[PDB]
Amino acid sequence: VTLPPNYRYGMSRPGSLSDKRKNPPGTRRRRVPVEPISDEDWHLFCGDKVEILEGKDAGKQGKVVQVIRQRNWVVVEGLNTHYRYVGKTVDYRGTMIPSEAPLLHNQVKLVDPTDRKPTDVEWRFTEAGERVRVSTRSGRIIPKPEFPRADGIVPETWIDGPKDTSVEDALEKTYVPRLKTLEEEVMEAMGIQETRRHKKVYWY
Amino acid sequence: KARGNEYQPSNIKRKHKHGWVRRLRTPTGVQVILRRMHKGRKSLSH
Amino acid sequence: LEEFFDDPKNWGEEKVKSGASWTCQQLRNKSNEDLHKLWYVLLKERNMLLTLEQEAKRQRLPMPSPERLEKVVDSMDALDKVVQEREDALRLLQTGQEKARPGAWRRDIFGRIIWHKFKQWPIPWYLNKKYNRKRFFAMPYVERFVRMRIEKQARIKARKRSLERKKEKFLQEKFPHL
Amino acid sequence: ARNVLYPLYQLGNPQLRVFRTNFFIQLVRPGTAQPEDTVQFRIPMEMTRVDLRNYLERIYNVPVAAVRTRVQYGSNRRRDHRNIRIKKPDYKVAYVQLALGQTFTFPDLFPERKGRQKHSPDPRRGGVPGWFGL
Amino acid sequence: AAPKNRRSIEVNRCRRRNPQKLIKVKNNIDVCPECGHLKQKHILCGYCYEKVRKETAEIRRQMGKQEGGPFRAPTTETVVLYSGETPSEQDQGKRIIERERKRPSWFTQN
RNA sequence: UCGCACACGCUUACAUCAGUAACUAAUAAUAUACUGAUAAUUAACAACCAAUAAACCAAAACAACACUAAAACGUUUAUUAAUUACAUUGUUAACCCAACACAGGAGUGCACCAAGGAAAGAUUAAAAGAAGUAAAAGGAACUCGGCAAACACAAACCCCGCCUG
RNA sequence: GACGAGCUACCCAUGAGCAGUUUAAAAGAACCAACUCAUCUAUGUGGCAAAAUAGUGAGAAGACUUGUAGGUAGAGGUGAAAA
RNA sequence: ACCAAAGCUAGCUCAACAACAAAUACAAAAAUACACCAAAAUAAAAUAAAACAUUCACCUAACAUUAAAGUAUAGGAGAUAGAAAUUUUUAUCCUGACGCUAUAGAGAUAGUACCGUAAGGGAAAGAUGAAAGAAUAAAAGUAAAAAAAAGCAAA
Ligand SMILES: [Mg+2]
Ligand SMILES: [Mg+2]
Ligand SMILES: [Mg+2]
Ligand SMILES: [Mg+2]
Ligand SMILES: [Mg+2]
Ligand SMILES: [Mg+2]
Ligand SMILES: [Mg+2]
Ligand SMILES: [Mg+2]
Ligand SMILES: [Mg+2]
Ligand SMILES: [Mg+2]
Ligand SMILES: [Mg+2]
Ligand SMILES: [Mg+2]
Ligand SMILES: [Mg+2]
Ligand SMILES: [Mg+2]
Ligand SMILES: [Mg+2]
Ligand SMILES: [Mg+2]
Ligand SMILES: [Mg+2]
Ligand SMILES: [Mg+2]
Ligand SMILES: [Mg+2]
Ligand SMILES: [Mg+2]
Ligand SMILES: [Mg+2]
Ligand SMILES: [Mg+2]
Ligand SMILES: [Mg+2]
Ligand SMILES: [Mg+2]
Ligand SMILES: [Mg+2]
Ligand SMILES: [Mg+2]
Ligand SMILES: [Mg+2]
Ligand SMILES: [Mg+2]
Ligand SMILES: [Mg+2]
Ligand SMILES: [Mg+2]
Ligand SMILES: [Mg+2]
Ligand SMILES: [Mg+2]
Ligand SMILES: [Mg+2]
Ligand SMILES: [Mg+2]
Ligand SMILES: [Mg+2]
Ligand SMILES: [Mg+2]
Ligand SMILES: [Mg+2]
Ligand SMILES: [Mg+2]
Ligand SMILES: [Mg+2]
Ligand SMILES: [Zn+2]
């Protein structure tokens, strides 16, 4: 991870081509004011259903792709949209793609699953000690959007190659809590017998 | 005759006159280091 | 010597899958010999990855599944953590000296306070030449300089505060909260 | 092993041992033509000859006859936008030669095995936007 | 001597817009009957001289191949041939260069 | 026709492939000097590499033997010296000190070419300038002075310092 | 109060050069190269160069030139005195 | 029409309150052999006195605050320097700004480039947008648009 003191996040990954093009090595731009939201006060996640209250497209419903916490943005899939070409060569302009335009978190409310309405989500700690999101308006428990992971490896469908360790072996507890260190342990195990000892040494 | 070539590079003379050890041997050398740290120089001593 | 290379059938393929890197908890359960062995299974894989790295750089071709190199690092890094604990715990339980290498607190020439790591010499300290002309103490004039950085530091701290102050105000006048 | 303290040797001390070795090797395709008996390894800076020999023999079971080493100097000359120098790291290179008459060759690591729109404007249309039919 | 005063832009416009410092319009430009490119009346056509030059270069290469070394050069007259041609008796007893391209229209048989 | 090595000193400027619209070259072409990617100098040469006692008046100079100015440099005997494959490090260059890709400053060993290099971007043949060549008759008449230049290169007299420095 | 003897002045170490020709001679002798100086003239004067280039000159086994490394520091040093 | 021009932020002022690990003094960044360590002597002058010799506040210390008082005194009795005895003082809490916006405010985007053998000196700069995982035409100088007897350039 490479970051400068003044940096603008352009939907582009910090370590990427589009980003090195966006803000080259020598740029310093105006400050971007970010209304502070502490991590614990943050009520949004990627994958949950939200309602957009703002803009040309409002009152609609949508799923969240990813949240960028630095500049405080949420991403609704194919909802707020502007048009960007992909391939452009001299004689040809190919692949016109509808692209998601970023949305501020003031324009987006979290939708409670049952009656499908926008609400203010507030953190509650239950009697059992779980952290749940309770609707102020509707008075419900709001789930958080169990979602895939970045690598696209689903644990349920998986196969070991030659170099993958089978679960049974990796879990097996072989540890024998005795007072030796790795040196004396291995040396005793390998059957390497040492007799002569170190002469006295001074430390300055 | 023609001048301005006065500096004839030598690595031994350079370290012997301006090098870290030479500084540290004498009190005033030490203060050269000290002042140079107070100004926060990238290079303290030759 | 083939061990510097991937299984021959695996060369031209774009993506190659591998597992998760070892998490400490999985390593705590292994005995000493097992960690000691795992170390080399990790080592060889690391060399093979490294070689593929360089080679891919030379052939002007992007390198297949870079994730691997990240993973084999972590596990090794993990493995270390596990053994370091088992030493550092045990040495407490035996001696009660927290730090593994001998060491002292010194006032060096420049009046800083420093952690002096000891060294191992064949002869006593009063008989060692180099160790004798190393001075640990300060002189009178250093007292002045000692002051200056205390003063200099005090400014960088004092005017960092005054930045965090301003930041709070702008935001509050820019965002009429509540 | 790199970055570790070593015990000071005096007369009749225990044979020095390192249980988890700290070094790491790269096997690199030679930049110039060298005999069939030669392999080339970038090693870490602090590694001695004898170390590379034992390391190769015991980890990989290679019968090594001869080792030689040199130190490569990385350029100090490329400049940042701030006009401060970027230094490419210095690195040690070793040449090893195999004892039993074995011939090495560097494996080709990239076998090449893998897994038409013309919209061009009409010359006789004279710039008329063809989508529109009439 | 150092100039006594900055000159005004007026004086400079006078001096360097003079009808003498202006580039004259060349009136001798024509077109070449073959390739229809532009050429000056007294000068060879550039584009024609090009294809002539290229062909001369290639024929000199092949006649460099017909010669063994740097100092060795023929005592006979040379005659160059193209695909499909056989030597006349006038031209026999001479060194012959054989070429793939069928004889170019501008180069005659004679 | 200041050539190839080493010492000192510079630090990748060196090598291969690729690109040069524009940056470096005081212009272009193309590239040892710009840009990117990749590589690279391998130790037998060189650096690092014991002490203490005792004998020993007797120059280098082609060294016979001397000269005055009196000359750099170690053998051998004794007492102990870890004894054990492979230590570590320098190895490119068209280069360095002069603000410059400076008609300049730079130690040593062998060389006079076997090695290195181009004095002219294209014309035109004005003046005035710079450098060189030749000149009828005259030969210092020039000028502060025979300064400069000569197909000359020699003599004599003074003043002041004695002399080489 | 610091920092400067990598230039230059003078020393102290440790190295290195000096071909030929003449003379019984290495004799602060001749002649003349390398090497060292800087006489005289012309170019140059924001130069090729913050002191050069071309010719022409002096010395050239010595109070000779020169390499590496030390030393003396401003109320001072060093000086075959030119303040 | 070129060259240019405009933003408001980075940060500053002033004031209250009170990443290890290894490597390092060998010629710093070099694991490793016989030593030595370590040291101290008033501040001077520039300047005031219209010159300058005695003398010249502040420059070290803390002592603060309201007074006694610019008084007693000390001074080429000049310039100027200058006390004390004795008196006064209610708590914290309560932070900010008739302080600067990129020739300002820190030297600072930096003690960095670069300049110095060395102590040491010491810069310049940023600007579109919600999103680039969407592509005003106003300084001088010039161009559009050479110049026609005459003369502080105008009236
Ligand atoms: Mg200079
Ligand atoms: Mg080595
Ligand atoms: Mg080597
Ligand atoms: Mg060298
Ligand atoms: Mg150019
Ligand atoms: Mg060296
Ligand atoms: Mg060297
Ligand atoms: Mg070389
Ligand atoms: Mg110069
Ligand atoms: Mg010319
Ligand atoms: Mg003329
Ligand atoms: Mg003439
Ligand atoms: Mg003549
Ligand atoms: Mg005549
Ligand atoms: Mg006369
Ligand atoms: Mg006359
Ligand atoms: Mg006369
Ligand atoms: Mg004359
Ligand atoms: Mg007279
Ligand atoms: Mg005389
Ligand atoms: Mg003489
Ligand atoms: Mg010295
Ligand atoms: Mg000297
Ligand atoms: Mg001689
Ligand atoms: Mg003589
Ligand atoms: Mg002449
Ligand atoms: Mg002479
Ligand atoms: Mg003479
Ligand atoms: Mg003298
Ligand atoms: Mg005198
Ligand atoms: Mg005088
Ligand atoms: Mg006065
Ligand atoms: Mg006055
Ligand atoms: Mg006066
Ligand atoms: Mg005073
Ligand atoms: Mg500023
Ligand atoms: Mg420098
Ligand atoms: Mg204008
Ligand atoms: Mg008028
Ligand atoms: Zn033509």
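Observations on the structure shown:
- Rounded to the nearest 20 debye, the dipole magnitude of the stretch A:24-65 is 460 debye, with +1 charges on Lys and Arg beta carbons, -1 on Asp and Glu beta carbons, and the Cα centre as origin.
- By the count of other C-beta atoms within 10 Å, a proxy for reagent exposure, C:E164, E:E55 are ordered fewest to most as C:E164, E:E55.
- Here's the list of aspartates and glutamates a cross-link from C:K169 could span, going by alpha-carbon distance under 15 Å and ignoring same-chain residues fewer than 8 apart: A:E35.
- Bridgeable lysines around C:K174 (alpha carbons under 21 Å apart, same-chain partners fewer than 8 residues away excluded): C:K166.
- Counting only DSSP beta bridges with both residues in the protein assembly as shown, the antiparallel share comes to about 95 percent.
- Placed amide H near D:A66: partners under 5 Å, 5+ positions off or other chain: D:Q97
- Proximal charge balance of E:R13 [Cβ under 13 Å; K/R count +1, D/E count -1]: +4
- Couplings 3J(HN,Hα) of the stretch A:70-81, computed from phi: 4, 9, 6, 10, 10, 10, 8, 5, x, 9, 6, 9 Hz, in residue order, whole Hz [Karplus 6.51 cos²θ - 1.76 cosθ + 1.60, θ = phi - 60°; x for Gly and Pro].
- A Förster radius of 45 Å combined with the Cβ-Cβ distance from D:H81 to A:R197 puts the calculated FRET efficiency at roughly 0.15.
- Out-of-range pairs (alpha-carbon distance over 22 Å; input A:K60/A:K109; B:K13/C:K119; A:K20/A:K49; A:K163/C:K44): B:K13/C:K119; A:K20/A:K49
- Cβ-placed point charges (K, R +1; D, E -1), dipole of the stretch A:1-146 about Cα centre in debye, nearest 20: 860 debye
- Under 5 Å from the amide H of A:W73 lie the amide H atoms of A:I68, each residue being 5 or more positions distant or on a separate chain, with H modelled from the backbone and absent for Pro and chain starts.
- For chain C, the relative contact order is 16 percent, taking Cα pairs closer than 8 Å that sit 6 or more residues apart in sequence and dividing their mean separation by the residue count.
- Whole-Hz couplings from phi, Karplus 6.51/-1.76/1.60, listed for the stretch D:37-51; x for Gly and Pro: 8, 10, 10, 10, 10, 5, 10, x, 3, 8, 8, 6, 3, 3, 5
- Pairs of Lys in the stretch E:1-62 closer than 17 Å at Cα, counting only those 8 or more apart or on different chains: 4
- Each of D:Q72, D:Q40, E:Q90 was placed along the dipole of the protein assembly as shown (beta-carbon charges, centred on the mean Cα), and the one lying farthest toward the positive end is D:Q72.
- Spin-label model distance (nm) - E:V25 vs A:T81, 7 Å beyond Cα toward Cβ: 6.0 nm
- Between B:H18 and C:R58, the FRET efficiency from the beta-carbon distance, with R0 = 56 Å, is close to 0.85.
- Straight-distance crosslink candidates among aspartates and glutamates, where the alpha carbon sits under 17 Å from D:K118 and sequence neighbours closer than 8 are dropped: A:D91
- Look at the alpha carbon pairs under 8 Å that are at least 6 residues apart: their mean separation over the length of the stretch A:62-204 gives a relative contact order of 10 percent.
- Looking at the stretch A:31-77, the trypsin sites (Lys or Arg not before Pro) that sit in a DSSP loop and have at most 11 other Cβ atoms within 10 Å of their own Cβ are A:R31, A:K56.
- Among E:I59, E:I43, E:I29, the largest mean-square fluctuation in a Gaussian network model of chain E (Cα springs under 10 Å) belongs to E:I43.
- Residues of the stretch D:32-70 with amide N under 13 Å of the 7 Å Cα→Cβ point at C:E3: D:54-63
- Given their separation in residues at 0.36 nm each and the Cα-Cα distance between them, A:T114 and A:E54 gain 19.3 nm when the chain is fully extended.
- Full-extension gain in nm, E:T78 to E:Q40, via 0.36 nm per residue minus C-alpha separation: 10.3 nm
- Relative contact order (%) - criterion: Cα under 8 Å, at least six apart; region: chain B: 36 percent
Positions of Cβ are generated from backbone atoms using ideal geometry, with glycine treated the same way; all protein chains shown enter the neighbour counts. The numbers here are math on the coordinates, done by the rules we state, and not lab data.
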